[PDB]
Amino acid sequence: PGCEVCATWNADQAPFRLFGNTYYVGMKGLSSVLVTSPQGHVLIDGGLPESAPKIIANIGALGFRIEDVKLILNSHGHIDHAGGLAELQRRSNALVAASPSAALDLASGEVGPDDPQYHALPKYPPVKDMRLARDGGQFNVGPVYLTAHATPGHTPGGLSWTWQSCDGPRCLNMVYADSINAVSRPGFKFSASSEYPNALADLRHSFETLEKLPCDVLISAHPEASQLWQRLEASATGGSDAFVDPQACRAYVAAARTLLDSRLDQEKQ
Ligand SMILES: [Zn+2]
Ligand SMILES: [Zn+2]
Ligand SMILES: [Zn+2]
Ligand SMILES: [Zn+2]
């Protein structure tokens with residue numbers, strides 16, 4: 001009874017350092033990112049419910065502990081990013097930060113009628129304790145300071161995150177970009193939803209937001225959308241330079257715009 005899509009998304013990925021105190025601890029098709037400090041760590045996204053043990057194992061393999069995670073951040077409320085959150089919270093006793101809209105999904109373990117994939121995803125374990133992250137909201141664990149950027153469209157509650165990571169004197173701007181791809185259950189119309197009427201305005205404004213972010217190192221919620229595995233392969237002999245590309249967020253938005261244009265053409269004809 002295996003789901004080939006979930007199986008592919010959740011496939012093992014050996015964890016690795018991206019830049020400075022920023023590490024990848026996710027899976028082949030779903031990102032999770034660890035940002036460390038001696039005062040504890042920040043963890044971004046939780047994958048599917050069955051991703052949580054893999055993320056935890058990956059944190060350990062790097063030489064860190066889930067017990068030292070003091071803040072967990074969410075991108076959006078779909079099961080493939082929020083499903084593992086309840087377990088990660090239990091194992092770390094960390095608070096989870098999410099947008100007001102995503103937090104509604106997390107609290108019930110299922111999305112509402114305004115989600116493009118409402119009625120088309122399984123329920124997942126509800127997240128017990130949360131903090132709301134609004135646009136421009138700043139969060140910290142010791143010296144690592146994260147800023148939330150509202151980037152809805154793929155869901156009404158989409159959030160992207162920025163912070164800086166340093167490898168001594170050189171600092172780079174890190175970006176965890178939420179999904180901004182216009183995909184849905186069949187029959188949903190981004191151009192004509194009565195439950196999510198702001199979908200197009202959201203996507204356009206998110207495109208604007210993401211494309212002008214300071215952006216040295218990009219990790220997308222679905223890693224292949226930022227070519228992470230090509231970049232990782234390059235890093236074997238290339239080093240951290242392989243992950244650095246100041247044009248990455250602009251290219252990410254350009255690709256999403258292209259997808260949206262095609263999608264709107266399909267909805268109209
Ligand atoms: Zn599935
Ligand atoms: Zn999603
Ligand atoms: Zn996803
Ligand atoms: Zn339905």
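Please treat every number below as a calculation from the coordinates, not as lab data. Neighbour counts run over all protein chains shown; Cβ positions are idealised from the backbone, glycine included.
Here are a few things to note about the model shown:
- The mean sequence separation of alpha-carbon pairs under 8 Å and at least six residues apart, normalised by the residue count of the chain, gives a relative contact order of 14 percent.
- The stretch 152-216, relative contact order [Cα under 8 Å, separation at least 6], %: 38
- Summarising the overall dimensions of the chain from its C-alpha atoms, the Rg and Dmax are 17.3, 56 angstrom.
- Segments 78-89, 214-225 sorted - mean Cβ within 10 Å per residue, highest first: 78-89, 214-225
- Between 0 and 90 degrees, the angle of helix 228-238 with respect to the longest Cα principal axis of the chain falls at about 30 degrees.
- Cut-off 19 Å, label 7 Å out along Cα→Cβ of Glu267, residues of the stretch 142-156 by amide N: 151-156
- Per-pair calculated FRET efficiency, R0 = 41 Å: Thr258 and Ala7 via Cβ, rounded to 0.05: 0.90
- Loop-located trypsin sites (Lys or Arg not before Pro) in the stretch 185-269 (DSSP state other than H, G, I, E, B) with a sparse environment of at most 15 neighbouring Cβ atoms within 10 Å: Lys212.
- Ranked for footprinting exposure by Cβ neighbours inside 10 Å, fewest first, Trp9, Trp161 give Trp9, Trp161.
- The stretch 171-186 and the stretch 228-269 have Cα centres lying 10 Å from one another.
- Put a plus charge on the Cβ of each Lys and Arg, a minus charge on the Cβ of each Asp and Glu, and nothing anywhere else: the dipole of the stretch 175-232 about its Cα centre is then about 160 debye.
- Local charge for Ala225 was computed over the other residues whose Cβ lies under 15 Å away, with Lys and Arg +1 and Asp and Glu -1, and equals -2.
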